[PDB]
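This report refers to the structure that appears directly beneath it.
Neighbour counts are summed over all protein chains in view; Cβ atoms, including those assigned to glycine, are modelled from backbone coordinates with ideal geometry. Computed from the coordinates by the stated procedures, all read-outs in this text should not be read as laboratory data.
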Amino acid sequence: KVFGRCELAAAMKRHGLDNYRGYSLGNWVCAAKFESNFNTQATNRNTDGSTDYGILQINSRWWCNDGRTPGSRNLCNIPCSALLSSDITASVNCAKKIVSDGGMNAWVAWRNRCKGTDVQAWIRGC
Amino acid sequence: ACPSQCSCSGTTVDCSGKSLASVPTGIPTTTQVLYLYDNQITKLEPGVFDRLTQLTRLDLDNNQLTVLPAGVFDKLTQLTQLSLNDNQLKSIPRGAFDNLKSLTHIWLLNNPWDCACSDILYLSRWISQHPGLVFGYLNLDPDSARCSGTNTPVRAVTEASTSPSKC
């Protein structure tokens, strides 16, 4: 499913991302924009044998199970296919885990494009 | 011959999540993949991997490593992936990655890197000189190795903000 910007902002808020660990809603929307372009089915095979999944491109080396990433962990306790759902619930729960175990600095495109900007722009008119 | 504590299959030896304090004895010298992650290893013996010259992958992450023996990885010239994240490491011994001519991926984050001390300089330089080898919890990220306290990138640390008196 490709979300619209406001549609995704709306769903992130009700999952409680707004001010999660002190990051305002617009940060997470800006992250997902540069990670997947709002497409839940974005998939990216990495050179180490892992894959990135979902709207925030979560990796199978550490976080989810795809049954094809050798020596990988499943720190979020989820199948990586749940990260491909039109239901963003599993991707939100995994993201929250990442922010705490690591914060948003894990998402390099967010660090370079989003962090320290007027990120509440991502939220205008929602 | 599999070590008692571990699981084996072809050339992979999984010693992971077994509450180990050190590397088990009897890893076949033909081993290509060694999982030691999620244990409580605090110190490695010098030379512990010198016989495992065929290793292409080594996971040491998620232990309690405080210090690495010098030359711990010197014989591992086929290693493509090394994981060292989520330990108690303060620095990397000078030259410790120099023989890793097959390296494609290393994880360094969630360590208390001590950027006040002059021992951090080999690591700072090494990361700067290998901008495509370091990975964070997601993708490629040379800044993911971060100084304890200040949370700035190790690769940014230069000789003038360090001191030999702080080691």
Mind listing just one residue for me: the one in region A:103-126 that is surrounded by fewer than 18 Cβ atoms within 10 Å (Cβ to Cβ) and over 15 Å from A:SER24 (Cβ atoms) and, of those, farthest from the chain's Cα centre (by Cα)? A:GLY125
Restricting attention to region A:76-114, which residues are basic (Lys, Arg) and either within 12 Å of chain B (Cβ to nearest Cβ) or over 25 Å from B:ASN151 (Cβ atoms) (or both)? A:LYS97, A:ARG111
Under the condition of being touching a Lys or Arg at 6+ places or on another chain (Cβ under 6 Å) and farther than 14 Å from A:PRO70 by Cα, which residue from region B:1-36 is surrounded by the fewest Cβ atoms within 10 Å (Cβ to Cβ)? B:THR29
If B:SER118 meets every condition in (1) touching a helix residue (DSSP H, G or I) at 6+ places or on another chain (Cβ under 7 Å); (2) closer than 16 Å to B:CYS15 by Cα apart from one, which number is that one? (2)
Within region B:136-146, how many residues turn out to be surrounded by 20 or more Cβ atoms within 10 Å (Cβ to Cβ) and outside any loop (DSSP other than H, G, I, E, B)? 1
For region B:112-167, which positions are among the acidic types (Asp, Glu) and within 14 Å of chain A (Cβ to nearest Cβ)? B:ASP141, B:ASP143
Any hit, region A:35-46, residues being within 30 Å of B:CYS8 (Cβ to Cβ) and either polar (S, T, N, Q) or over 15 Å from the mean Cα position of the chain (by Cα) (or both): yes
Positions within region B:29-57 being within 10 Å of another protein chain (Cβ to nearest Cβ) and out of contact with any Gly (no Cβ under 8 Å at 6 or more places or on another chain), in sequence order: B:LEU34
Of the conditions (1) within 14 Å of chain A (Cβ to nearest Cβ); (2) in a loop (DSSP other than H, G, I, E, B), B:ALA96 fails just one. Which one is it? (1)
